[PDB]
Structures are given as C-alpha cells and as structure tokens.
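Only one chain is shown below, in structure tokens, and it's the form deposited in one PDB entry.
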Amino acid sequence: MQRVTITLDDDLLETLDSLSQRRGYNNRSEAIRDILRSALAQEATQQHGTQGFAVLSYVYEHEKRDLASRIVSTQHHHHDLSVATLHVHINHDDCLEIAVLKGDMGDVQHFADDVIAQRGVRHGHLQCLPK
C-alpha cells in the first residue's frame, strides 16, 4: 500500500483517535481508511446545464489567511451569481456564512468549491434546488 502524511490540529487528532478507540479500532490507518472509503463512495455532484437555486453554507476563521477579505472578492468576482449571503458571528474567531446562489448549476458548483476548498473553511456544503 502507500504511505501518506497528513497534518492535523491537535484537537482534531484527539477527537479522531478517541472516537476511533471507542469504536474498536486499534490502528489509525484502518480507522481513517474506513472513513475516507465511506464518505468518498457516497458522493455525487451537479450536472452542468440546469439553472435554479443553491444554498452554500460553511464555517471559517475570518482571521486565517485574510479569508474574510478574500471570500468576499471570491464572491464579487461572480457577483452575478450571488443573491445574498447571511453571516452569523459565532465567536471571536469563527464565522458561519450561508450563501444563496442563483444561476447555472455548473458555475454554482465551481464558486462553491472556490470557497469550501480553502484552508480554514471547514464543513463546506452545497445544497441544490434546480428548476
């Protein structure tokens, strides 16, 4: 098999290990392998063509890599694809934005990842509602 080195926040790591231990896992590699495999398999994306509405929601640290200042530009670039976005400051560092999108379910998907992917933007998620 292949080796791979990932880098995790201390908290993430603990949260992960313990939870892997309470499940009967004696080795991380298995543990993680099962999750990747699982969540990876149960996947699906948006067919390019249909139009409609989408609801992109996600959390992120506004401090990390001028994410706040950046996320906006990211959107203003396709400002003809954003209806509005609702923000909710959940604490000094973290933020929970919810963006309503409208247009080519394709462009949407893009713009979505143009966000979600960013390092320091956890729990990304795009929900679609095509005409």
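Residue numbers here begin at 1 and follow the sequence given. Note that the rigid core is defined as the largest set of C-alphas that superpose within 1.5 Å between two forms.
Participant: In the PDB record, does 19 to 27 or 5 to 13 carry the higher mean Cα temperature factor?
Facilitator: Per the PDB record, 19 to 27.
Participant: So 43 to 51 or 70 to 78, which one's hotter by mean CA B-factor in the entry?
Facilitator: Mean B over CA atoms: larger for 43 to 51.
Participant: Taking the entry's C-alpha B-factors for this chain, is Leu36 in the lowest, middle or highest third?
Facilitator: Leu36: CA B-factor falls in the middle third of its chain.
Participant: Which third of the chain does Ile90 land in by C-alpha B-factor: lowest, middle or highest?
Facilitator: Middle third, going by the recorded CA B-factors of the chain.
Form deposited in another entry: not shown, discussed below.
Participant: Can we say the CA of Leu81 moves by at least 2 Å between the shown form and the other one when the core is superposed?
Facilitator: After core superposition, the C-alpha of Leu81 moves less than 2 Å between the shown form and the other one.
Participant: Is there a C-alpha shift of 2 Å or more at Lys64 between the shown form and the other one once the rigid core is superposed?
Facilitator: Superposed on the core, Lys64 moves its C-alpha 2 Å or more between the shown form and the other one.
Participant: On a rigid core superposition, would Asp17 pass a 2 Å threshold for CA movement between the shown form and the other one?
Facilitator: True for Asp17: a C-alpha shift of 2 Å or more.
Participant: Versus the form shown, are the CA atoms of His125 and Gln42 closer or farther apart in the other entry, given a shift of 3 angstroms or more?
Facilitator: So the answer is closer.
Participant: Knowing the shift is 3 Å or more, I'd like to know if the C-alpha atoms of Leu126 and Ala41 are closer or farther apart in the other entry than in the shown chain.
Facilitator: Closer: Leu126 and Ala41 approach by 3 Å or more in the other entry.
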